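Quick heads-up: it's one chain on its own, the form deposited in one PDB entry, in structure tokens.
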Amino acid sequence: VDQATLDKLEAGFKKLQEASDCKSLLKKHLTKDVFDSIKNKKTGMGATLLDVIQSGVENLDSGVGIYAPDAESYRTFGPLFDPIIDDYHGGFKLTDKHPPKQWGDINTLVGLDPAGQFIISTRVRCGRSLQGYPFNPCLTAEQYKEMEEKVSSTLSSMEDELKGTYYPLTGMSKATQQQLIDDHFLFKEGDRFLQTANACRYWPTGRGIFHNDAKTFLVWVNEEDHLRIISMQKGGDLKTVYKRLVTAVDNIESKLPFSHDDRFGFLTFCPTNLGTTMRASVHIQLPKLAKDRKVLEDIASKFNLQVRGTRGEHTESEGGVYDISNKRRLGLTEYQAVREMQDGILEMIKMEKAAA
């Protein structure tokens, strides 16, 4: 690592230390002991510690604040990643390893709010990274297009309920893009956390969305992860939403090789998405409990749930609609992750019903 980068690293570390309003896992876990032991290391593709932490240093309102520029980073910068991973996912020791993939018995899942009194819509997503390619900060324009081609060709072979069309972002009018974002289907553009991680280079080249006609099955191409695979619909029928996702993922996996790690499970760009990579969420109205976002978040955390705004993370609630989802993704099976969301939401609804 050259001196120019070391100087920037030193400057970055001091900013973290001195920022007392900062509450990120990066600030918590990047001690001088940890920093000194990894600050001179470099991965095989040239990623340095600066590439890992810069988003967290530039955005002190970060909750996590680090990203993996390549797969090797998870090990090279292990002394930083490991404790953050343990903290975020609720206990994952140096000796732990993520369990093998297990979708579980779908028939044991339930519809969440049959009367339709609370839940507006249910969504389950996973992330996948393609074998042989690095994460966003290390990709060339040529690689973004090559991956786009590989993925869109594969998706063109989906059938039946999952048959759909691929829409590149480059070919999309501003009006169409905005409508798809407003209706919760498409990823937003210009995320400052991703931008400062050097994760949006060459935008919008190689980025797009695949979906079926009903927009119940969607795939995002080259946003935060190489693939995000999404099943969603109005109402609370988690069993149907999840079953569609399982079918889609199993189908795609037989056609595209994904990066899997013996310890971390499926590899992703942000460590909060490792393992199952699963985020199962509802858009839900809890008028009595959500009088105060703070009390809502406190209750949620008791059930290992996270709370996000209506348009996704780092947004506000619109009309009292919150996004509530399982927080943990590593160290438990896919079935356990979707169960943690189902069981927690059922308890939160019970609490809402008894609330004054």
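Numbering starts at 1 and runs along the sequence shown. Whichever C-alpha set is largest while still superposing within 1.5 Å between the two forms counts as the rigid core.
Beyond the structure shown, there is the form deposited in another entry, which is absent from this document and is the topic of what follows.
Of the residues 159, 183, 142, 149, exactly one exceeds or equals a 2 Å C-alpha shift between the shown form and the other one once the rigid core is aligned, and that residue is 183. Once the rigid core is used as the reference frame, the Cα position of residue 334 differs between the shown form and the other one by less than 2 Å.
Residue 90 shows a C-alpha shift of 2 Å or greater between the shown form and the other one [criterion: core-superposed Cα displacement of 2 Å].
Residue 209 is not among the residues whose C-alpha shifts by 2 Å or more between the shown form and the other one once the rigid core is aligned; its shift stays under 2 Å. Note: residue 293-residue 270 Cα separation is 3 Å or more longer in that other deposited form than here.
With a change of no less than 3 Å, the CA-CA distance between residue 178 and residue 199 is larger in that other deposited form than in the form shown.
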